[PDB]
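Asker: generate a structure from the sequence data that follows.
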Amino acid sequence: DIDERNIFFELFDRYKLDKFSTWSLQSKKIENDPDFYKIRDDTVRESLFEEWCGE
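Answerer: Residues are numbered from 1 along each chain as shown. The structure is reproduced below:
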């Protein structure tokens with residue numbers, strides 16, 4: 001419940017995604033990384049990205 005989210009943006013910056021371009025080009029990219037599995041809810045993972053994008 002919003003806490004853990006910033007972890008993924010953090011991961012998401014760690015690998016400098018594009019939080020706007022695609023969810024997965026960024027996430028299928030962070031995929032194999034144990035950090036995509038920080039949260040077992042994939043339905044939350046991509047919601048992360050959108051907040052962090054302009055967070």
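Asker: can you give the contact residues for the longest helix belonging to the chain?
Answerer: With DSSP state H setting the assignment, residue counts place helix 42-53 as the longest helix in the chain. Helix 42-53 is contacted by residues 4-6, 8-10, 12-13, 17, 19-20, 23-24, 26-27, 36, 39 when judged by Cβ atoms under 8 Å, 6 or more residues apart in numbering. For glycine as for every other residue, the C-beta is placed from the backbone atoms N, C-alpha and C.
Asker: for stretch 26-38, same thing?
Answerer: With contact meaning Cβ under 8 Å, 6+ apart, stretch 26-38 is reached by 4, 7-8, 11-12, 14-15, 17-19, 24, 45-46, 49.
Asker: now that stretch - C-alpha only, PDB.
Answerer: Provided in PDB are the C-alpha atoms of stretch 26-38 (Å, rounded to 0.1, in the frame of the first residue of the first chain):
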ATOM      1  CA  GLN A  26      11.100  -1.400 -19.500                       C
ATOM      2  CA  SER A  27       9.600  -4.300 -17.400                       C
ATOM      3  CA  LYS A  28      10.400  -7.300 -19.700                       C
ATOM      4  CA  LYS A  29      13.800  -5.700 -19.400                       C
ATOM      5  CA  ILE A  30      13.800  -5.600 -15.600                       C
ATOM      6  CA  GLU A  31      12.000  -8.900 -15.700                       C
ATOM      7  CA  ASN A  32      14.700 -11.500 -15.200                       C
ATOM      8  CA  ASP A  33      16.200  -9.200 -12.500                       C
ATOM      9  CA  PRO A  34      15.300 -10.400  -9.000                       C
ATOM     10  CA  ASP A  35      14.100  -6.800  -8.500                       C
ATOM     11  CA  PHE A  36      11.000  -7.300 -10.700                       C
ATOM     12  CA  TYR A  37      10.200 -10.000  -8.200                       C
ATOM     13  CA  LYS A  38      10.500  -7.500  -5.300                       C
END
